[PDB]
Structures are given as structure tokens and as C-alpha cells.
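Colleague: Input: one structure, supplied below.
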Amino acid sequence: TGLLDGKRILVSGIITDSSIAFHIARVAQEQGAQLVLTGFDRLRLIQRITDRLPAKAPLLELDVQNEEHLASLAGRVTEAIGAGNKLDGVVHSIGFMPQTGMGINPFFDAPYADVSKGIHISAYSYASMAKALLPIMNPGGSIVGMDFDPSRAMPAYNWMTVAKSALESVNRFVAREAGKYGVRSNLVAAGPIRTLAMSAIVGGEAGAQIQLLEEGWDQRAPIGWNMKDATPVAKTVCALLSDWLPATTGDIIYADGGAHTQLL
Ligand SMILES: [C][C]S(=O)(=O)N1[N][C]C2=[C][C]=C(OC3=C(/[C]=N/[O])[C]=C(C(F)(F)F)[C]=[C]3)[C]=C2[B]1([O])[O]
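All the letters of the sequence shown, read from the start, carry residue numbers 5 to 208, 213 to 272 under the deposited numbering.
Right, dumping it as C-alpha cells:
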């Protein structure tokens with residue numbers, strides 16, 4: 005018997021096999037969840053990444069900036085899940101920020117056009133997705149998004165930090181809307197993870217300062233932190249997807265090795 009036995013969950017944000025969403029999807033399927041996966045612009049290549057998952061899963065096209073995609077998403081999911089069946093979970097693992105708003109680039113030199121695009125994708129889309137999917141969610145359901153603790157400023161992450169701050173605020177309002185359906189809405193604030201996205205930033213002064221953040225994180229974390237292992241994060245997301253945190257919503261769960269509770 006698995007944690008998510010007989011639950012229908014939509015997982016978005018799977019770009020590579022190193023994406024956090026892939027490990028969330030992997031662990032979810034290991035725990036008995038029936039999945040619906042979304043992607044964009046490389047569905048042939050994405051499906052082949054998806055094929056490495058334990059179980060087969062339908063793949064739907066979703067650009068969270070496309071209003072037509074969002075307006076038809078709910079229906080397209082139903083034609084895949086089956087009529088009379090609803091979703092029990094939605095995982096939002098989508099974030100983006102142009103180079104000008106991250107890395108070694110001066111914080112002031114990021115034009116708003118780039119920042120607005122990042123915030124649309126990283127923060128506003130969380131509400132867009134909730135708006136589209138809540139009608140086809142069962143009571144007791146769970147919406148989960150991804151987060152990186154933005155309560156304090158930091159190097160390199162720059163404007164992505166701001167987009168995460170907005171996301172945290174958006175989540176609290178999504179929770180108000182989700183409550184009417186009996187649905188919870190939460191974020192998982194993870195410690196630093198070596199996704200291909202972040203791995204690129206490290207290589208592409214800033215990269216050294218990222219290493220300083222990574223090193224300091226593991227030391228600070230009372231139980232340690234492995235940036236190469238996304239599994240503890242994925243299990244945390246699955247925990248929120250289950251029925252074992254049923255009184256938690258509009259909230260943030262920190263899967264960071266306990267680093268945010270330690271100063272030094
Ligand atoms: C899920 C996709 S996402 O786009 O929306 N996203 N959300 C959560 C999230 C959580 C942790 C992350 O890892 C880091 C690292 C990693 N170092 O190895 C370094 C820094 C810093 F501050 F040093 F630059 C920040 C986050 C990345 C992401 B994220 O921005 O990819």
C-alpha cells in the first residue's frame with residue numbers, strides 16, 4: 005500500500021531527467037499515483053524523458069503564458085483521466101528568469117520586460133493553473149508548488165528571489181480560492197538543487217558565490233544537505249499530496265535540511 009494509492013495527480017515542469025518534477029513524478033508513481041504530465045515546445049523529446057518513469061503517463065501540451073492553453077486544459081485533462089473522474093493533486097514545478105535578472109548581471113540592469121516574463125511564469129502561472137484545474141479537483145485535494153526561501157536577499161538568485169516572494173504571496177491567495185473546493189494549496193521551499201538550470205548558472213564571481221551558498225547550507229543543516237539528491241524534496245511534495253497534512257494550507261513546508269532555522 006502506497007502513500008498516494010489510487011490518486012490522480014497532474015505534474016508539470018518536467019524538462020529533463022534532472023528536473024525536480026521528474027523525481028516528484030517518479031516518487032509519486034512509486035507510491036501508487038496515476039499521473040498526468042504537461043510540457044511545451046519539445047514534446048517528442050519530453051515524451052522520451054517521460055518514458056523512463058516507472059509507469060506510462062499521458063502528456064498534454066501546456067504553455068502557462070497561453071490563455072487558450074489554459075482555457076482548454078481542464079477539458080483536455082478530463083478526456084485523459086476519464087469522464088466522471090477528477091484530479092486529486094496538482095504539482096506546480098515551473099519557474100523562469102532571463103539571464104539579465106540572475107547571475108553576475110547587475111540587479112539594476114534587468115529591464116522590466118524580462119522581470120515581468122519571469123514573474124508571469126514563476127508566480128502568476130500558479131494562479132492561472134489553479135484557476136484552470138480547481139473545477140476538476142476533488143475535495144481533500146492538494147495543490148503544491150515549488151519554492152526557494154526568499155525572506156532574505158542573496159547573491160546570484162537576484163530577481164528570481166523576487167518572483168519567489170510573489171509566489172509565496174500568490175499561494176496564500178490561491179489557498180483562499182482552493183478552500184471553497186476543499187483543496188489545500190502549499191509550497192515546498194527546498195534547499196539548493198543542482199538542476200540543469202542551476203548547473204548552467206554556476207558555470208555560465214557569481215558561480216563561486218553559489219558554491220559558498222551550497223557549502224554553507226550543508227554545514228548549517230543539522231541533518232546535512234545533499235544538493236545532488238532531489239529525493240528528499242520529492243517525498244516532501246508527496247507528503248503534501250497525501251492525506252497526512254490535512255490541516256495545512258496557504259503555507260510553506262521547508263525541505264532544506266533545517267538550514268533556514270539555523271544562523272550558523
Ligand atoms: C522548480 C523549478 S524553479 O525554477 O521554479 N525553481 N524553484 C525552486 C528552486 C529551489 C532550489 C534551487 O536551487 C538553487 C541553487 C542551487 N544550487 O546548486 C542555488 C541558488 C542560489 F541562490 F545560490 F543562486 C538558488 C536556488 C532552484 C530552484 B528553481 O529557481 O529552479
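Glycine included, C-beta positions come from ideal geometry on N, C-alpha and C.
For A84 versus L64, is the C-beta spacing smaller than 8 Å?
Modeller: If you number the sequence shown from 1, residue 84 lands on position 80. If you number the sequence shown from 1, residue 64 lands on position 60. Cβ atoms of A84 and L64: closer than 8 Å.
Colleague: CA-CA distance, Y130 and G149?
Modeller: Within the sequence shown, residue 130 is the residue found at index 126, counting from 1. Within the sequence shown, residue 149 is the residue found at index 145, counting from 1. About 7 Å.
Colleague: Taking the alpha carbon of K11 as the reference point, which residue from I19, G195, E34 has its own alpha carbon closest?
Modeller: Here residue 11 refers to the residue found at position 7 when the sequence shown is read from its first residue. Comparing Cα-Cα distances from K11 to each of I19, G195, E34, the minimum goes to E34.
Colleague: In chain order, what residues of the same chain have a beta carbon less than 8 Å from the beta carbon of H27, not counting five sequence neighbours either side?
Modeller: In the sequence shown, counting from the first residue as 1, residue 27 sits at position 23. Within its own chain, the residues whose Cβ lies closer than 8 Å to the Cβ of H27, once the five positions on either side in sequence are excluded, are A238, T239, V241, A242, listed in chain order.
Colleague: Are the segment 118 to 128 and the segment 166 to 175 touching, with three or more C-beta to C-beta distances below 8 Å?
Modeller: Cβ pair count under 8 Å is three or more, so yes.
Colleague: Hey, is the segment 105 to 112 in contact with the segment 59 to 75, meaning 3+ C-beta pairs nearer than 8 Å?
Modeller: no
Colleague: Near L7, what residues of its chain come up, given a Cβ to Cβ distance below 7 Å and the 5 sequence neighbours on each side ignored?
Modeller: In the sequence shown, counting from the first residue as 1, residue 7 sits at position 3. Correct list, in chain order: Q35, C246, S250.
Colleague: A59 and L41 look like a contact to me (Cβ under 8 Å); what is the Cβ gap, rounded to whole Å?
Modeller: Taking the first residue of the sequence shown as 1, we reach residue 59 at position 55. Taking the first residue of the sequence shown as 1, we reach residue 41 at position 37. 11 Å between Cβ atoms; not a contact.
Colleague: Would a C-beta distance cut-off of 8 Å place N190 and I260 closer than the cut-off?
Modeller: Taking the first residue of the sequence shown as 1, we reach residue 190 at position 186. Taking the first residue of the sequence shown as 1, we reach residue 260 at position 252. A contact, by the Cβ cut-off of 8 Å.
Colleague: Tell me whether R188 is buried or exposed, calling it buried when 16 or more other Cβ atoms sit within 10 Å of its Cβ.
Modeller: Here residue 188 refers to the residue found at position 184 of the sequence shown. So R188 ends up on the buried side.
Colleague: So, at 6 Å on beta carbons, what are the nonlocal neighbours of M133 in its own chain, with the 5 sequence-adjacent residues on each side left out?
Modeller: Counting from one through the sequence shown, the residue named residue 133 turns up at place 129. For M133, where only same-chain residues beyond five positions count, the Cβ hits under 6 Å are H96.
Colleague: In the DSSP assignment, the beta strand (DSSP E) including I260 goes from what residue to what residue?
Modeller: Looking up residue 260 in the sequence shown gives position 252. Residues 259 to 263.
Colleague: Compute the Euclidean distance between the alpha carbons of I147 and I98, then round it to the nearest angstrom.
Modeller: In the sequence shown, counting from the first residue as 1, residue 147 sits at position 143. In the sequence shown, counting from the first residue as 1, residue 98 sits at position 94. Cα to Cα, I147 sits roughly 13 Å from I98.
Colleague: Between which two residues does the alpha helix (DSSP H) carrying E65 extend?
Modeller: The residue labelled residue 65 in the question sits at position 61 within the sequence shown. Here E65 belongs to no alpha helix (DSSP H); instead the beta strand (DSSP E) covers 63 to 65.
Colleague: Would you say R198 touches ligand 1, meaning its beta carbon is less than 7 Å from a heavy atom?
Modeller: As a first step, residue 198 must be located in the sequence shown, where it is residue number 194. The answer is yes for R198.
Colleague: Can you determine whether any heavy atom of ligand 1 sits closer than 7 Å to the C-beta of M133, and answer yes or no?
Modeller: Here residue 133 corresponds to residue number 129 of the sequence shown, with the count starting at 1. Every heavy atom of ligand 1 is 7 Å or more from the Cβ of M133, so no.
Colleague: On the CB-based measure, 16 or more other CB atoms within 10 Å of its CB, does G17 come out buried or exposed?
Modeller: Looking up residue 17 in the sequence shown gives position 13. By the neighbour-count criterion, in which 16 or more other beta carbons inside 10 Å mark a residue as buried, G17 falls on the buried side.
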